[PDB]
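Here's the structure we're looking at; comments come further down.
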Amino acid sequence: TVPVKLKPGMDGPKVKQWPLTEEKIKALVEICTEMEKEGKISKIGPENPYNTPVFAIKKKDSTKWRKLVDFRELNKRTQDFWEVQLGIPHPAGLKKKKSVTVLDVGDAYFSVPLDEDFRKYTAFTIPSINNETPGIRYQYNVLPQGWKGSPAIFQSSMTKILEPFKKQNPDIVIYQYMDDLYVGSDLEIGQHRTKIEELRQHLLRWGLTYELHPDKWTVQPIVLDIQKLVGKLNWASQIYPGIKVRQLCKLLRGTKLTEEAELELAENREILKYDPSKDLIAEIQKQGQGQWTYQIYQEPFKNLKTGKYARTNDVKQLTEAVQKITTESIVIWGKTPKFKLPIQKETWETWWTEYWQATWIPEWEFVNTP
Amino acid sequence: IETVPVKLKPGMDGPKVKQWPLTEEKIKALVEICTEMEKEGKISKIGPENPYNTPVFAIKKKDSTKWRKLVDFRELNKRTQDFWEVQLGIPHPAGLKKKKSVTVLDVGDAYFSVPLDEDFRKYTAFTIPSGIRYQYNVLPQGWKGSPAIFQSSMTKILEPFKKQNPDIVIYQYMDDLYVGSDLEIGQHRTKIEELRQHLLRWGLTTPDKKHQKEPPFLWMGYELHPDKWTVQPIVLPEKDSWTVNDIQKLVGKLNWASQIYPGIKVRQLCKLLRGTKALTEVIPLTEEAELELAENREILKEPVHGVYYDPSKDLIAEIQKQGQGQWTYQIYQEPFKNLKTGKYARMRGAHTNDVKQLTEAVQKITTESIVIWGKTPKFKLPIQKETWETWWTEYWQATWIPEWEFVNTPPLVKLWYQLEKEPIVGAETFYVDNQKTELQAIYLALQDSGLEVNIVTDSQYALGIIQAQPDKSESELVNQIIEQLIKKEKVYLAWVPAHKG
C-alpha cells in the first residue's frame, strides 16, 4: 500500500464525458462488466465528485474492442510528483539502435491493488445513448491501468523480473512508458525478432503478462518567378544564418549578379550540413494533402527535430501523424510532446476517439481565435 | 430505507438560523403541519442541544392547497459537498421509439422514502418560532444534491426489475417513471402491476391518479402522442405580484423551457436577484423580463411535431440557407417529417463565411445526432462536390465533413472566387500603387478586358489582414473580388516577400 499523495491543496479530475457512438457504448458496457467481475473496479454513487472519460477503440488490424481510460489531470498532479519519488530515467543510446519494438503489456501495471487511499479520485463514466438511461460510473480500487503513475509503482516488479532478460542480451536498452515497452536492437533483424519472441515467452512464463526504425531518418534542411522563394528564405532565416540575400533588393522599386546567385547555391550546401527544464511542443502544418509538416520545439529558436510526414480524409492522416510523432518524441527526449493541431476543436473531437492505436494520450492545445 | 453516505464538504461551518414569524395564524399552521408528519414517519423530535438550524419561511403561496411546508435550503446548498450530476440533459423524445403500451407513473412521496445519513441529519434542522426543534430524517426537497441521491436510490431499487426481464424498457428522469412495453396494454397491466408491487416492497408511493393510459401523456411538456412528439403549449403564466419563491420557480421553468425552446436570458433573471434568502418578498418585473416573456411567447408559438426514431432506417440530415446566417437543419428519416427541426447559427456572421460555416453546421448536426439517436446521418448538403474538393486539398487548416449528397437550392454559399487553380503570374498592369488597401488595385482592374492586376499594397492597422484574405465580415472589397474573378482569368495577388529584410 504505497501512499499516493498528490499536490497539496488542489482538487482532482472533473472532466465531463462527450457522447459517442452506440456501438462504443455496447463495448464499454461489456468491458466494464468484465472489470467488475475481475474485481479491479467498483461502482460509486453521486457522493464522488471526481470523473474521467472512457473510450472504446478497435485493435490494430483486429475486431477486438479495447476500453481505454484517458485523463490528464491526475497525470498532471500525481505522476509528475512520482517523478521525484519514483522517477524513470531515459536512455541515451536508444537513438543509435537499428530498430525499436513497441509492445503493449497486458494488465501488468494494474496487477497490484495497493493504492486505495486516494482511490476516490479515479472514476470513469459510461453514459446512455440519449441521456435517458441514468449514467453508470465506476471507480478504481487497483493501480490505475492506462495511467502514467502505474509504471512508477510497478517499476520494482519490472526491475526484479527483467534481470534474466538483461543477462541474455545486455546490449538491448529498454525505457518503459505508461503501458508500453521500448526495446532497442542494433545487431540485425533476425536476432531482433528472435529476442522479441523470447521476450513474449518470458512475459508469458513468469506471469508478467509495429517497430519504429530510428536513425534511418534525420532532419530535413530547407530547399532554395523566383521572387517568392526568397520569402521562404525570410521564413527560416532565423533557423540558419548562412543565407545573405541582400543583393537582390536593389533594382526592385518597380516590377518590369553571379555573386548573389552563388548565395542560393550556398543555401544548397546547408542541405548537406532535451533539457528537462521545459517540455516539448509539436506543431503540424497541412501544406497539401499527402505531405504534412511536423516540428518539435523546446524553445522557438531551437528546432529539436524538423520533419515532414508523407504517406481518405484529413482527420485520419493527422491522427496517424500524431501517433507517429509521439512515438518519435518519446525516444529522443524522455517525455511525451504537447501537440498543436491545425484542426477545428469539435470537428477533431467528433472522430478522433473512433480510431487510435495507442494507449498513451498526449497533451494538446488546439489553436483558437481570441 | 436504504442508507446512503452523504457528507459535508471538508472544513465548512454548518447552517445557522435567523428566522422571524410572518403571521399569527402562520405559527399555528406550521405547528400543525410539522406535527402531522411528526406523528408520521417523515421526521422526528430532537432536543435543542444542536445550535445549528436553517431559517424557515413557509407560506400559503397557492390557495389551491390548504397549506404547505416550504423550508429554505439555499443557505445550506452553499455549505454542502458538491455532488456529481448523473446526466446533463433531458431525454429528447426522438430517442424514444414509437411504442405500443406507454404508461407514465409518477411518484409523490419519493423524497419521503429515501433516508438521510447521520451527518446531514443534524444540519437540516427547522424550528417553528415562539420553538420546538426537529431534524429532517429523509431526503429533503430543495437540498442541493437531492436529485442525484434520488436518482441513485431509484436505480438501486429498479435494477432488479431491469435485470429480471429486460424485454421492456424502463426510463426514469425528473421524478417520473416512464415504462413503454412492446406488448399490448392488456399484458401491460400485469407487468405494471408487478412493477407497482416491486415498488411496494421498498415503501415507495405510486398514486393511482398518476397512472396514465390516455394518448396525451404530459410529463415535461412533451405530449407523447402515438406518432408525434407535439410539445404541449406551455402556458407560462405571469402574476403581478411575483413572490421570490415563485421567482425561483419561474427561473427553473425558464431553464427547463430553454432546454427545448432557446431562451437567452432564462438564467440571467436569476443572476439579477441574489442574496434573497427570505422566501417572502414582492419583486417587480423588469423591462427585460417582459422582453423574455414576449420571446417565450414567440418561440413557444410553434409546437414542434415529429415522428419517433425507427431503428431500421438511417437518418438523412439537410441544412437550408434560409438567410444570411440563418440555416435550418431538418433531420428526417422518411420523407415529409421534421424530427428535430431547429433554428441554427444565430448571429454567426455578418456576411458569407465561405464553406467553413457550412462545415460547422454539419458538425453541429452530427454530435447532436449522436446524442439523440446514437448514429451518424448521411448529409444531403446542396452545393456541388467541385467546390468542396477545391476546398478540400487547398485549405489551410485541415477540416473534414462526414459525407455529402446532391440537392439543389437557389441561395448558394459558393463565393465564386479563386475556384480554379490560379496561374502563378499573369500579364499584370503597372501603376503607382482597412479593406481599402487592396480595393484600389481591385477596382483598377477591368472586368471586361480580362487582364488582371496584382500589386501588393500596405496600410496601417491591417497588415495581417492584407496578408490574409478574410471573408467573415461584409466588405465592398468582397463585391469587387466577386465581380472581378467572374468572366476573367484567375487573379492571384502577390504577397510581400521582404527582399529588403
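Following the order of the C-alpha cells, first chain is A, next is B, and so on, with residues numbered from 1 inside each chain and ligands from 1 in the order they appear.
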Inset, instruction - Run DSSP on the backbone of this structure and report the residues of region 112-190 of chain B it assigns to strand (DSSP E), as number ranges by chain. - result: B: 125-127, 133-136, 169-173, 176-181
Inset, instruction - Using only C-alpha atoms, determine which residues of chain B fall within 7 Å of chain A; present them as a PyMOL selection string. - result: chain B and resi 6+82-84+86-87+89-91+95+148-149+152+171-172+363+367+370-375+393-394+396-400+497-500
Inset, instruction - Among the residues of region 380-416 of chain B, find those DSSP assigns to helix (DSSP H, G or I) from the backbone and print them as a ChimeraX atom specification. - result: /B:385-390
Inset, instruction - Show which residues sit within 7 Å of region 478-482 of chain B, as a count of residues only. Count only C-alpha atoms, and ignore same-chain residues fewer than 6 positions away. - result: 4
Quick one: residues within 6 Å of residue 209 (chain A), only C-alpha atoms counted, chain neighbours fewer than 3 positions away excluded, as a tab-separated table (two decimals) with N, CA, C and O atoms, in the first residue's frame?
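Okay, this is what ended up in out.tsv:
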```tsv
chain	number	residue	atom	x	y	z
A	106	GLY	N	-0.12	-6.73	-21.10
A	106	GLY	CA	-1.50	-6.97	-20.71
A	106	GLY	C	-1.75	-6.95	-19.22
A	106	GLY	O	-1.44	-7.92	-18.52
A	108	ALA	N	-0.37	-5.78	-16.77
A	108	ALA	CA	0.75	-5.94	-15.85
A	108	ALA	C	0.79	-4.81	-14.82
A	108	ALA	O	1.07	-5.05	-13.64
A	203	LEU	N	7.54	-13.06	-20.94
A	203	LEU	CA	6.35	-12.39	-20.43
A	203	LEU	C	5.29	-13.40	-20.01
A	203	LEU	O	4.65	-13.25	-18.97
A	204	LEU	N	5.09	-14.43	-20.83
A	204	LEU	CA	4.06	-15.42	-20.54
A	204	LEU	C	4.46	-16.34	-19.38
A	204	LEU	O	3.66	-16.61	-18.48
```
Inset, instruction - Quote the spacing between CA of residue 365 (chain A) and CA of residue 338 (chain A) in Å to one decimal place. - result: 7.5 Å
Inset, instruction - Please identify all polymer residues within 9 Å of region 229-233 of chain B, counting only C-alpha atoms, omitting same-chain residues fewer than 6 positions from it, and present them as an MDAnalysis selection string. - result: chainID B and resid 93:94 218 220:223 300:308 339
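By only C-alpha atoms, and with residues fewer than 3 positions from residue 138 (chain B) along its chain excluded, the set lying at most 10 Å from it is residues 1, 41, 42, 43, 110, 111, 112, 113, 114, 115, 116, 117, 121, 135 and 141 of chain B.
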For N, CA and C atoms, I'd like the residues from the last selection saved as a PDB file, in the first residue's frame.
```
ATOM      1  N   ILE B   1     -35.746   1.844   3.317  1.00  0.00           N
ATOM      2  CA  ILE B   1     -34.909   2.907   3.857  1.00  0.00           C
ATOM      3  C   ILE B   1     -33.432   2.546   3.706  1.00  0.00           C
ATOM      4  N   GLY B  41     -43.970   9.093   9.745  1.00  0.00           N
ATOM      5  CA  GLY B  41     -42.590   8.660   9.804  1.00  0.00           C
ATOM      6  C   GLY B  41     -41.577   9.554   9.126  1.00  0.00           C
ATOM      7  N   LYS B  42     -41.989  10.724   8.632  1.00  0.00           N
ATOM      8  CA  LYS B  42     -41.072  11.563   7.864  1.00  0.00           C
ATOM      9  C   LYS B  42     -39.981  12.168   8.742  1.00  0.00           C
ATOM     10  N   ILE B  43     -40.356  12.775   9.870  1.00  0.00           N
ATOM     11  CA  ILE B  43     -39.413  13.465  10.739  1.00  0.00           C
ATOM     12  C   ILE B  43     -39.631  13.006  12.175  1.00  0.00           C
ATOM     13  N   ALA B 110     -41.640  10.165  -2.995  1.00  0.00           N
ATOM     14  CA  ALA B 110     -40.308   9.619  -3.226  1.00  0.00           C
ATOM     15  C   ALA B 110     -39.287  10.239  -2.282  1.00  0.00           C
ATOM     16  N   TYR B 111     -39.366  11.556  -2.075  1.00  0.00           N
ATOM     17  CA  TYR B 111     -38.476  12.214  -1.128  1.00  0.00           C
ATOM     18  C   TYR B 111     -38.776  11.828   0.313  1.00  0.00           C
ATOM     19  N   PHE B 112     -39.784  10.989   0.545  1.00  0.00           N
ATOM     20  CA  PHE B 112     -40.162  10.575   1.888  1.00  0.00           C
ATOM     21  C   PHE B 112     -39.927   9.088   2.130  1.00  0.00           C
ATOM     22  N   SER B 113     -39.171   8.424   1.257  1.00  0.00           N
ATOM     23  CA  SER B 113     -38.814   7.028   1.472  1.00  0.00           C
ATOM     24  C   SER B 113     -37.302   6.875   1.563  1.00  0.00           C
ATOM     25  N   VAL B 114     -36.573   7.643   0.760  1.00  0.00           N
ATOM     26  CA  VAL B 114     -35.113   7.650   0.793  1.00  0.00           C
ATOM     27  C   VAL B 114     -34.659   8.275   2.107  1.00  0.00           C
ATOM     28  N   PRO B 115     -33.862   7.582   2.914  1.00  0.00           N
ATOM     29  CA  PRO B 115     -33.397   8.180   4.173  1.00  0.00           C
ATOM     30  C   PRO B 115     -32.212   9.103   3.968  1.00  0.00           C
ATOM     31  N   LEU B 116     -31.726   9.700   5.052  1.00  0.00           N
ATOM     32  CA  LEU B 116     -30.594  10.612   5.009  1.00  0.00           C
ATOM     33  C   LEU B 116     -29.553  10.176   6.032  1.00  0.00           C
ATOM     34  N   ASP B 117     -28.283  10.374   5.685  1.00  0.00           N
ATOM     35  CA  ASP B 117     -27.184   9.937   6.534  1.00  0.00           C
ATOM     36  C   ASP B 117     -27.126  10.769   7.813  1.00  0.00           C
ATOM     37  N   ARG B 121     -28.158  14.893   9.039  1.00  0.00           N
ATOM     38  CA  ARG B 121     -29.369  14.894   9.851  1.00  0.00           C
ATOM     39  C   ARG B 121     -29.350  16.034  10.856  1.00  0.00           C
ATOM     40  N   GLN B 135     -35.199  17.703  13.213  1.00  0.00           N
ATOM     41  CA  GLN B 135     -34.242  17.467  12.143  1.00  0.00           C
ATOM     42  C   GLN B 135     -34.879  16.551  11.109  1.00  0.00           C
ATOM     43  N   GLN B 141     -36.385  17.855  -0.048  1.00  0.00           N
ATOM     44  CA  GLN B 141     -36.546  18.634  -1.266  1.00  0.00           C
ATOM     45  C   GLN B 141     -35.904  20.005  -1.090  1.00  0.00           C
TER      46      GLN B 141
END
```
Please build the interface table for region 199-305 of chain A against region 91-102 of chain A with a cut-off of 7 Å, listing for each qualifying residue the nearest atom pair and the distance in Å to one decimal; count only C-alpha atoms, order rows by chain and increasing number, and write it as a Markdown table.
```
| residue | atom | partner | partner_atom | distance |
| --- | --- | --- | --- | --- |
| A:210 | CA | A:102 | CA | 6.6 |
| A:211 | CA | A:101 | CA | 4.4 |
| A:212 | CA | A:100 | CA | 5.5 |
| A:213 | CA | A:99 | CA | 4.5 |
| A:214 | CA | A:95 | CA | 6.0 |
| A:215 | CA | A:96 | CA | 6.2 |
```
What would the file look like if the residues just selected were written as a PDB file, in the first residue's frame with N, CA and C atoms?
```
ATOM      1  N   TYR A 210       4.062  -2.843 -34.573  1.00  0.00           N
ATOM      2  CA  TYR A 210       4.953  -2.095 -35.451  1.00  0.00           C
ATOM      3  C   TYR A 210       6.209  -1.657 -34.705  1.00  0.00           C
ATOM      4  N   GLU A 211       7.331  -1.609 -35.421  1.00  0.00           N
ATOM      5  CA  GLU A 211       8.628  -1.283 -34.841  1.00  0.00           C
ATOM      6  C   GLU A 211       9.210  -0.083 -35.571  1.00  0.00           C
ATOM      7  N   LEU A 212       9.352   1.032 -34.860  1.00  0.00           N
ATOM      8  CA  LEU A 212       9.996   2.204 -35.431  1.00  0.00           C
ATOM      9  C   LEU A 212      11.477   1.925 -35.667  1.00  0.00           C
ATOM     10  N   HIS A 213      12.038   2.584 -36.682  1.00  0.00           N
ATOM     11  CA  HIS A 213      13.424   2.376 -37.102  1.00  0.00           C
ATOM     12  C   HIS A 213      14.175   3.696 -36.990  1.00  0.00           C
ATOM     13  N   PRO A 214      14.670   4.041 -35.804  1.00  0.00           N
ATOM     14  CA  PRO A 214      15.389   5.308 -35.647  1.00  0.00           C
ATOM     15  C   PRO A 214      16.727   5.282 -36.367  1.00  0.00           C
ATOM     16  N   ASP A 215      17.251   6.484 -36.608  1.00  0.00           N
ATOM     17  CA  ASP A 215      18.490   6.766 -37.328  1.00  0.00           C
ATOM     18  C   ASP A 215      18.379   6.472 -38.819  1.00  0.00           C
TER      19      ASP A 215
END
```
Legend entry - Option closest in space to residue 305 (chain A), from A:251, A:219, A:162, A:271 [counting only C-alpha atoms]: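 Between A:251, A:219, A:162, A:271, the residue approaching residue 305 (chain A) most closely is A:219.
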